[PDB]
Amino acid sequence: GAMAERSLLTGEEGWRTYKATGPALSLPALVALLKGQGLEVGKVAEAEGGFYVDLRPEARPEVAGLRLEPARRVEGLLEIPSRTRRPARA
């Protein structure tokens, strides 16, 4: 199980918002990387300081070389939080 958690991006329960702050990554590179660790990826939003990305509260994400920490504040958003497009929809 896991303690109850809410997205800082959307307010939806069932998500913990992380911030990805390095190294340089495109959004699709970040999402492919996380999916590659078997992580279910929720909504994402590009920001000035990096990317906000929702992961499941059970997750304890570890991606080598990536700084991925629980977000403290949502700021500097450049776009609405949205789910990544599946290839059929892209």
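Residues carry their position along the shown sequence, with the first being 1.
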| item | value |
| --- | --- |
| 31-39 versus 45-53 - which carries the larger mean C-alpha B factor in the record | 31-39 |
| Higher-scoring stretch by recorded Cα B factor average, 60-68 or 22-30 | 60-68 |
| Record-listed C-alpha B factor of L78: chain third | highest |
| CA B-factor placement of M3, once the chain's modelled residues are sorted into thirds | middle |
